[PDB]
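Step one of this worksheet: look at the structure below.
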Amino acid sequence: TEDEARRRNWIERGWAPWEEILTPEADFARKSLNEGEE
Amino acid sequence: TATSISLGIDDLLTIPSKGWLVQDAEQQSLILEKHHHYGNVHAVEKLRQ
Amino acid sequence: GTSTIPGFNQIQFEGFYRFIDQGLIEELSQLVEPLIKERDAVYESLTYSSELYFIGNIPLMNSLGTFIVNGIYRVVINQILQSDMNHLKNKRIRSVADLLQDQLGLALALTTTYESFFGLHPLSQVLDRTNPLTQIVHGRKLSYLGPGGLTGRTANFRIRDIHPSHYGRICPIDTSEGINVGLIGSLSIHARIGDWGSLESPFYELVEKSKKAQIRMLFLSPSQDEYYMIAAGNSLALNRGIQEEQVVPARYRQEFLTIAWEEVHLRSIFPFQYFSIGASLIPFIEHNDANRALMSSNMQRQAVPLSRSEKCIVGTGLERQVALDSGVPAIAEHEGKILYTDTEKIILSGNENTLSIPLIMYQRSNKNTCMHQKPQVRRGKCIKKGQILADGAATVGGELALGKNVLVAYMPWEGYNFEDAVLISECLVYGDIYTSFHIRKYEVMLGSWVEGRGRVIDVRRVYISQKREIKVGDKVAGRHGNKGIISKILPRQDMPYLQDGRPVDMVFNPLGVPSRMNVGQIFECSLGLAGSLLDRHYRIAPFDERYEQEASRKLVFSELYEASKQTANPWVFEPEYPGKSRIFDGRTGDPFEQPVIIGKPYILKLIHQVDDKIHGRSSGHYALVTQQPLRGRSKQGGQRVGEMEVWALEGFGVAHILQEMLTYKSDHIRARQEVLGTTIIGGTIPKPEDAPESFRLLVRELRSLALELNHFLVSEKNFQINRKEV
Amino acid sequence: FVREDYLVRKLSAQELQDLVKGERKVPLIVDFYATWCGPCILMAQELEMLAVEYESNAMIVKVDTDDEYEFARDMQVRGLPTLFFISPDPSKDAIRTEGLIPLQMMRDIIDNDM
RNA sequence: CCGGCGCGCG
């Protein structure tokens with residue numbers, strides 16, 4: 001499930017949700033591609 | 001025969017605005033390639049453009 | 001082949017040596033030189049083979065890469081087969097080394113089986129000796145057919161296509177025409193066969209500072225071709241940044257990119273890397289559509305050696321390589337001095353070693369083309385080992401010379417160049433510009449004029465020479481896919497003439513350029529004229545626009561102006577319309593209204609000509625079973641009226657024309673004899689009313705399957721049933 | 001069975017020293033060259049032609065400056081291509097020619113000075 | 001005067 005897989009990733013693979021400081025273009029690409037193509 | 005149509009290198013007429021239009025398309029392709037490298041567009045968006 | 005173009009026969013040469021090296025030992029799990037000379041094997045129809053000690057005879061490969069069996073030159077061609085199925089990394093190439101060693105596997109389980117291998121195997125073919133170009137390109141073919149290989153019906157539609165792994169290994173232009181399209185390949189100029197049966201091409205490595213990299217030229221098998229970013233552009237670009245982030249087109253992972261120079265691993269720098277020999281002899285090929293490049297390569301292989309040969313004013317620089325690797329010219333095997341020269345021999349002496357080199361004088365090819373050699377050196381000239389001594393047929397000064405430089409205009413002339421017809425001048429006829437010697441063989445006093453009319457030149461087998469001047473119906477072509485049939489020959493006073501008063505030799509239709517899209521012929525004709533006036537020859541590598549935009553235009557226009565200025569011929573370069581000039585009608589003396597592109601291109605004469613295609617038949621011999629007229633010009637046979645021709649006659653409603661060609665012109669034995677008699681007396685031909693021998697033949701065959709087929713006539717008068725004899 | 005393609009032999013500084021010290025009957029021509037030098041290709045072909053010309057009447061040798069740099073500097077070599085024409089008579093003095101001199105110039109030097 | 005194989009032209 002997507003609660004134990006994340007814990008396993010953290011413990012065994014060093015995963016951490018580090019903050020990605022994005023440019024306005026990358027932020028717009030992430031926020032706008034979630035809706036659709038055109 | 002009397003008129004004697006022929007064909008030279010000069011007669012092959014490119015329209016005057018080809019250099020203008022090719023340069024604009026090159027400028028747009030250069031800009032999108034940089035922003036694709038930035039991660040601002042994805043591969044399909046670059047391929048379509 | 002790291003720094004020069006490799007020998008075109010190096011693949012055959014290396015393969016045979018490998019077979020002698022390890023193939024003989026690997027199969028036997030001691031050879032003596034052949035007693036017969038190579039010339040003697042073909043002269044009296046033997047096989048050039050060496051003895052193995054007495055196990056058998058092993059055929060020997062000539063330095064040109066061809067074997068001799070029963071006095072017949074033979075070539076062993078390479079095969080492609082399965083090692084993304086169409087990826088070249090999943091293929092292997094079997095050379096003569098694999099084919100000769102494999103037959104040794106069958107031989108040991110010699111003389112007879114090797115004799116039957118060259119005679120019967122599809123991959124063993126008779127060497128084409130039409131011209132020096134055909135001798136070398138035959139040995140570099142790649143085939144998917146042959147034993148263990150796919151048939152044309154078996155061929156998949158995804159095969160026959162261009163795969164990106166072919167770049168630098170298989171020429172994307174050269175292919176066979178017809179059902180075998182895309183299945184007969186051709187090796188590239190710089191291609192090489194690796195140790196794993198894969199094809200390799202050389203690429204220049206760009207590597208970081210901290211690396212020795214003694215040799216930066218390394219060959220890629222197609223398996224490792226994918227994982228390199230290979231660029232074909234140049235580094236002549238600078239902006240306010242620095243050179244490393246300038247972008248160039250590149251290849252990576254079967255697709256084309258545009259990345260910075262700092263991300264490029266390898267560079268494609270050889271000019272002839274991606275093409276075969278045929279496509280590498282086309283000047284200004286980058287201005288011709290690739291469709292005509294395939295046909296141009298085929299046409300160059302049909303060129304007839306002319307009785308007198310001359311070099312092309314405009315070339316690519318590969319003519320010298322073709323001449324050297326064809327074996328047609330005489331190449332010195334020892335340094336020394338020239339002491340004696342004549343038609344029959346050349347005497348060379350060096351380091352207390354004096355050799356005598358015989359010269360070929362009017363010999364016959366497999367394609368009825370003459371071979372001849374003339375000295376290229378004088379007495380008292382110092383010679384290095386490997387330098388030319390004499391010039392062969394279709395070879396001048398150590399270069400391939402398949403055609404002539406003639407004055408040419410591109411204009412319509414009264415419909416005599418309609419579609420693809422060519423109008424020529426009488427000067428090409430009485431000047432012997434396009435005269436070729438042709439020799440047949442037939443299995444009579446020497447020097448007699450037999451009456452196929454010709455002069456008997458050699459008796460052993462009778463050889464008859466035929467001097468063939470250019471004629472109406474002959475085929476001529478340029479090196480840009482521009483073919484044409486000669487339809488009219490005019491006196492020199494009738495041809496259009498230039499502002500210097502010189503009449504042109506050929507007139508070409510200008511309408512053939514736009515539809516065919518071969519602009520390279522316009523470039524070559526203009527530069528050929530400039531070179532003739534400037535006493536210059538040009539050898540230009542393809543894709544010259546890599547230096548600058550319109551590089552070919554700058555070269556042709558500037559050389560045209562140099563010829564115009566130096567020779568004081570203002571019509572040669574016209575500022576108003578460069579390359580074109582106003583010419584005059586030879587019949588009226590009045591100028592043609594528009595300027596005409598003129599020049600001196602290189603035009604070839606092809607084997608396809610009249611005197612080998614005109615056929616006529618009245619009657620004669622018929623087949624034994626079908627009783628129909630024979631098939632073939634050589635057998636004096638008739639023309640077939642196929643089912644599509646029968647449909648046309650039925651569409652016209654000509655029911656009596658159809659019956660003529662169905663009964664008493666083909667197989668009605670009784671009615672064929674009466675037609676022969678009535679026409680000589682002119683006494684009306686009656687209807688056959690009986691069945692032709694093809695229907696009676698079918699009835700008997702159906703009888704052999706226990707089936708009876710009877711033809712009955714029911715009278716419309718008294719309803720009596722009549723059984724027709726069949 | 002197969003003749004060699006090149007008649008000009010490459011010698012070391014010690015081998016050339018022994019050749020000059022030893023008795024000589026024919027003129028000795030010493031070439032100083034480097035494979036990275038562009039003009040040395042044309043000189044190489046010219047000297048091959050000259051060696052073909054003088055079968056046994058002259059000796060043509062070549063010294064690579066990438067292996068005998070100090071030896072070349074000692075012999076007063078200021079650049080490439082550089083040729084040294086050494087007469088068989090020890091009394092006479094050798095001639096050093098600098099540049100891509102013509103083949104006829106080499107023939108004249110050998111005939112009228114060695 | 002029979003068939004296979006190879007190469008071509010339109």
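Going by the structure tokens order, chains are called A, B, ..., each with residues numbered from 1, while ligands are numbered from 1 in the order shown.
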Contacts of residue 83 in chain D at 6 Å (only C-alpha atoms (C1' of nucleotides); same-chain gap of 5+ positions) as an MDAnalysis selection string: chainID D and resid 30:31 96:97
Exercise answer, chain C residues close to chain B, 9 Å and only C-alpha atoms, as a PyMOL selection string: chain C and resi 258-259+409-415+509-511+513-514+519+522-523+553+577-580+585+591-597
Selected residues, C-alpha atoms, written as a compact mmCIF listing (two decimals), in the first residue's frame, please.
# COMPACT_ATOMS: atom_id res chain seq x y z
CA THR C 258 20.25 19.30 -31.87
CA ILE C 259 22.64 19.55 -28.93
CA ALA C 409 21.70 23.42 -74.96
CA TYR C 410 18.54 23.01 -72.88
CA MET C 411 15.60 24.14 -75.02
CA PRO C 412 12.66 22.61 -76.90
CA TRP C 413 13.34 22.08 -80.60
CA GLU C 414 10.28 21.42 -82.79
CA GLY C 415 9.15 18.41 -80.78
CA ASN C 509 14.32 19.32 -73.17
CA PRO C 510 14.24 21.81 -70.26
CA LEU C 511 10.94 20.29 -69.08
CA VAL C 513 14.40 19.08 -64.87
CA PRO C 514 11.39 20.26 -62.78
CA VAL C 519 19.30 20.44 -60.39
CA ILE C 522 22.48 22.48 -64.45
CA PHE C 523 25.42 23.05 -62.10
CA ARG C 553 26.50 28.49 -56.78
CA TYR C 577 20.93 35.88 -66.12
CA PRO C 578 24.05 33.95 -65.08
CA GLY C 579 24.49 30.63 -66.83
CA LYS C 580 22.11 31.50 -69.68
CA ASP C 585 18.37 29.51 -84.82
CA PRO C 591 17.89 34.64 -81.94
CA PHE C 592 15.61 32.60 -79.74
CA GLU C 593 13.50 34.90 -77.59
CA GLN C 594 14.67 33.65 -74.18
CA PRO C 595 18.23 33.03 -72.97
CA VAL C 596 19.15 29.35 -72.93
CA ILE C 597 21.23 27.53 -70.33
For chain E, the nearest of the candidates C:636, C:549, C:254, C:673, counting only C-alpha atoms (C1' of nucleotides):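 Smallest separation from chain E among the options: C:636.
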Residue set, range 114-235 of chain C restricted to strand (DSSP E or B), as a list in words: residues 124, 125, 126, 141, 142, 143, 170, 184, 185, 186, 187, 192, 193, 199, 200, 201, 202, 203, 204, 205, 217, 218, 219, 220, 230 and 231 of chain C
Selection: 10 Å around residue 146 in chain C, only C-alpha atoms (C1' of nucleotides), excl. self and same-chain fewer than 3 positions, as a ChimeraX atom specification: /C:78-81,121-124,143,149-151
Residue contacts of range 15-18 of chain D (10 Å, only C-alpha atoms (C1' of nucleotides)) excluding same-chain residues fewer than 3 positions away, as an MDAnalysis selection string: chainID D and resid 10:12 21:23 30 61:63
Under the rule of at most 6 Å, produce a per-residue listing of chain A near chain B: chain, number, name, the closest pair of atoms, and the distance in Å, as CSV, using only C-alpha atoms.
residue,atom,partner,partner_atom,distance
A:25,CA,B:40,CA,5.8
A:26,CA,B:40,CA,4.7
A:29,CA,B:40,CA,6.0
Produce a file of the selected residues containing C-alpha atoms, as a PDB file, in the first residue's frame.
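Output below, filename out.pdb:
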ATOM      1  CA  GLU A  25       7.830  28.434 -15.529  1.00  0.00           C
ATOM      2  CA  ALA A  26       8.356  25.066 -13.821  1.00  0.00           C
ATOM      3  CA  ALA A  29       4.148  23.579 -15.894  1.00  0.00           C
TER       4      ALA A  29
END
Interface list for chain C, partner chain D, 7 Å threshold, only C-alpha atoms, as a PyMOL selection string: chain C and resi 334-336+351+382+384-385
Those residues you just picked out, can you put them in a file as a PDB file, in the first residue's frame with N, CA, C and O atoms?
ATOM      1  N   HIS C 334      57.151  -2.929 -59.382  1.00  0.00           N
ATOM      2  CA  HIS C 334      58.552  -2.777 -59.025  1.00  0.00           C
ATOM      3  C   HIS C 334      59.019  -1.410 -59.498  1.00  0.00           C
ATOM      4  O   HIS C 334      58.666  -0.979 -60.597  1.00  0.00           O
ATOM      5  N   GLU C 335      59.804  -0.732 -58.666  1.00  0.00           N
ATOM      6  CA  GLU C 335      60.356   0.553 -59.062  1.00  0.00           C
ATOM      7  C   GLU C 335      61.460   0.354 -60.094  1.00  0.00           C
ATOM      8  O   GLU C 335      62.089  -0.703 -60.170  1.00  0.00           O
ATOM      9  N   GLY C 336      61.684   1.379 -60.903  1.00  0.00           N
ATOM     10  CA  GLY C 336      62.719   1.280 -61.919  1.00  0.00           C
ATOM     11  C   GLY C 336      62.559   2.364 -62.970  1.00  0.00           C
ATOM     12  O   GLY C 336      62.026   3.439 -62.695  1.00  0.00           O
ATOM     13  N   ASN C 351      66.498  -2.248 -60.284  1.00  0.00           N
ATOM     14  CA  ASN C 351      67.238  -3.039 -59.298  1.00  0.00           C
ATOM     15  C   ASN C 351      67.618  -4.410 -59.860  1.00  0.00           C
ATOM     16  O   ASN C 351      67.333  -5.453 -59.267  1.00  0.00           O
ATOM     17  N   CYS C 382      61.368   7.542 -64.668  1.00  0.00           N
ATOM     18  CA  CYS C 382      61.476   6.820 -63.409  1.00  0.00           C
ATOM     19  C   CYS C 382      60.094   6.523 -62.846  1.00  0.00           C
ATOM     20  O   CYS C 382      59.186   7.357 -62.913  1.00  0.00           O
ATOM     21  N   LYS C 384      57.815   4.679 -59.576  1.00  0.00           N
ATOM     22  CA  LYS C 384      57.689   4.103 -58.246  1.00  0.00           C
ATOM     23  C   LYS C 384      56.822   2.854 -58.306  1.00  0.00           C
ATOM     24  O   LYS C 384      55.985   2.700 -59.199  1.00  0.00           O
ATOM     25  N   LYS C 385      57.023   1.959 -57.342  1.00  0.00           N
ATOM     26  CA  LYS C 385      56.167   0.786 -57.245  1.00  0.00           C
ATOM     27  C   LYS C 385      54.749   1.213 -56.894  1.00  0.00           C
ATOM     28  O   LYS C 385      54.527   1.913 -55.902  1.00  0.00           O
TER      29      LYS C 385
END
Need to verify the contact set: range 276-289 of chain C, 7 Å, only C-alpha atoms (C1' of nucleotides), exclusion of same-chain residues closer than 5 positions in sequence. Can you return it as a compact mmCIF listing (two decimals) with C-alpha atoms, in the first residue's frame?
# COMPACT_ATOMS: atom_id res chain seq x y z
CA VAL C 137 30.80 -2.60 -57.56
CA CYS C 171 24.24 2.80 -48.77
CA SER C 186 25.67 -2.20 -51.31
CA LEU C 187 28.59 -1.43 -49.03
CA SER C 188 29.64 2.14 -48.29
CA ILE C 189 32.96 3.59 -49.41
CA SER C 297 23.94 4.91 -60.25
CA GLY C 315 34.08 15.14 -61.27
CA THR C 316 34.06 14.15 -57.60
CA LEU C 318 36.68 9.28 -56.81
CA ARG C 479 25.38 11.35 -64.27
CA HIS C 480 22.23 12.89 -62.74
CA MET C 517 14.10 17.40 -59.71
CA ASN C 518 17.79 16.96 -60.59
CA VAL C 519 19.30 20.44 -60.39
CA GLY C 520 22.85 19.06 -60.26
CA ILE C 540 34.55 18.46 -56.08
CA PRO C 542 29.81 16.30 -52.37
CA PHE C 543 27.91 18.48 -49.90
Selection: 12 Å around residue 105 in chain D, only C-alpha atoms (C1' of nucleotides), excl. self and same-chain fewer than 4 positions, as a VMD selection string: chain D and resid 46 to 47 50 83 85 97 to 101 109 to 113
For the residues in the current selection, export C-alpha atoms as an mmCIF file, in the first residue's frame.
data_model
loop_
_atom_site.group_PDB
_atom_site.id
_atom_site.type_symbol
_atom_site.label_atom_id
_atom_site.label_comp_id
_atom_site.auth_asym_id
_atom_site.auth_seq_id
_atom_site.Cartn_x
_atom_site.Cartn_y
_atom_site.Cartn_z
ATOM 1 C CA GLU D 46 60.303 13.762 -53.567
ATOM 2 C CA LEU D 47 63.033 11.787 -51.807
ATOM 3 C CA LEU D 50 65.129 10.662 -55.957
ATOM 4 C CA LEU D 83 68.534 18.003 -46.096
ATOM 5 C CA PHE D 85 74.318 16.316 -48.657
ATOM 6 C CA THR D 97 69.549 22.838 -47.758
ATOM 7 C CA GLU D 98 66.467 24.260 -46.041
ATOM 8 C CA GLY D 99 62.973 24.218 -47.522
ATOM 9 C CA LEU D 100 61.094 22.276 -50.182
ATOM 10 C CA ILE D 101 63.833 22.496 -52.805
ATOM 11 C CA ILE D 109 73.814 19.243 -55.913
ATOM 12 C CA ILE D 110 74.513 15.504 -56.082
ATOM 13 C CA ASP D 111 76.054 15.686 -59.557
ATOM 14 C CA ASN D 112 78.174 18.836 -59.254
ATOM 15 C CA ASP D 113 79.015 18.975 -55.534
#
Residues near residue 8 in chain E, cut-off 12 Å, only C-alpha atoms (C1' of nucleotides), skip fewer than 5 positions along chain, as number ranges by chain: C: 128, 176-178, 298-299, 301-302, 367, 607-608
Write down, as a PDB file with C-alpha atoms, in the first residue's frame, each residue of chain C that has any atom within 7 Å of an atom of chain E, counting only C-alpha atoms (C1' of nucleotides).
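Produced file out.pdb, reproduced below:
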ATOM      1  CA  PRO C 122      23.208 -17.920 -56.432  1.00  0.00           C
ATOM      2  CA  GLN C 125      27.820 -14.654 -60.068  1.00  0.00           C
ATOM      3  CA  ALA C 623       6.974 -25.006 -80.275  1.00  0.00           C
ATOM      4  CA  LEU C 624       6.805 -28.793 -80.239  1.00  0.00           C
TER       5      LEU C 624
END
Helix (DSSP H, G or I) per DSSP on the backbone: members of chain D, as a ChimeraX atom specification: /D:13-21,39-53,69-74,103-113
Straight-line distance linking CA of residue 17 in chain A with CA of residue 34 in chain A, stated in Å to one decimal: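 About the pair CA of residue 17 in chain A and CA of residue 34 in chain A: they are 19.8 Å apart.
For the pair CA of residue 92 in chain D and CA of residue 19 in chain D, the separation is 16.3 Å.
Take CA of residue 100 in chain C and CA of residue 119 in chain C: the distance between them is 13.7 Å.
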